[PDB]
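Structure, as structure tokens:
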Amino acid sequence: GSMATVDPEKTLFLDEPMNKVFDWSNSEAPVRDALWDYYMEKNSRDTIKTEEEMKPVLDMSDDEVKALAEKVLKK
Ligand SMILES: [Zn+2]
Ligand SMILES: [Zn+2]
Ligand SMILES: [Zn+2]
Ligand SMILES: [Zn+2]
Ligand SMILES: [Zn+2]
């Protein structure tokens, strides 16, 4: 029979912990939550504008999410 792992992790890149995928971050929050906080702080904690700016992030490829994170989060 198969020795393959049962139900292997299939986590989306946006749902991985910041400090798992980015060696420059110490946060344990999912990438998408770190990006959300960046936009919230930019928008004085207006969730409506924040949701508009986050929408395109969900259509980004993983390489684009890394590029965005390094632009706005890596400080
Ligand atoms: Zn076998
Ligand atoms: Zn299962
Ligand atoms: Zn993971
Ligand atoms: Zn979350
Ligand atoms: Zn904040």
Side-chain angles (χ1 to χ4, degrees):
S2 180
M3 297 186 79
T5 293
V6 171
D7 292 357
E9 184 178 3
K10 285 188 180 77
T11 306
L12 292 173
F13 187 76
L14 277 165
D15 288 313
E16 296 282 19
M18 283 283 290
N19 66 343
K20 172 172 169 171
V21 292
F22 300 132
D23 60 343
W24 45 266
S25 171
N26 189 45
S27 169
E28 301 181 1
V31 179
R32 69 165 78 240
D33 292 340
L35 288 171
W36 175 90
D37 191 56
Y38 166 79
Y39 285 108
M40 282 287 277
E41 299 299 359
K42 184 181 73 65
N43 294 329
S44 297
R45 284 174 184 163
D46 175 27
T47 58
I48 296 175
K49 180 55 68 165
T50 300
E51 290 157 22
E52 188 187 5
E53 297 193 291
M54 283 297 302
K55 209 167 179 178
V57 171
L58 309 207
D59 293 324
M60 285 181 197
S61 44
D62 298 351
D63 55 348
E64 287 175 340
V65 175
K66 175 169 185 287
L68 175 60
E70 298 193 328
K71 191 186 324 154
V72 304
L73 300 181
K74 183 179 182 180
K75 295 300 165 60

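Atom set for the values below is all heavy atoms of this structure, side chains included, hydrogens, waters and symmetry mates excluded. Both counts, for ligands and for their atoms, begin at 1 and track the order of listing. Residue indices begin at 1 and follow the sequence shown.
- Expressed to the nearest 0.5 Å, how far CZ of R32 lies from CE of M60 amounts to 12.5 Å.
- Note on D37: its N/O/S atom closest to the Zn ion (ligand 5) is OD2.
- Expressed to the nearest 0.5 Å, how far CG of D15 lies from CG of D33 amounts to 8.0 Å.
- With a cut-off of 2.8 Å, the Zn ion (ligand 3) has an N, O or S atom of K20 in range.
- When the N, O or S atoms of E9 are ranked by distance to the Zn ion (ligand 3), OE2 comes first.
- Closest N/O/S atom of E41 to the Zn ion (ligand 5): OE2.
- With a 4.5 Å cut-off on side-chain heavy atoms, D62 and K66 do not count as touching.
- Residue-level check: among N/O/S atoms of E16, OE1 sits closest to the Zn ion (ligand 3).
- The backbone N or O of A29 lies less than 3.5 Å from a partner atom in the side chain of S27, making a donor-acceptor pair.
- Counting only heavy atoms from C-beta outward, the side chains of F22 and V31 approach each other to under 4.5 Å.
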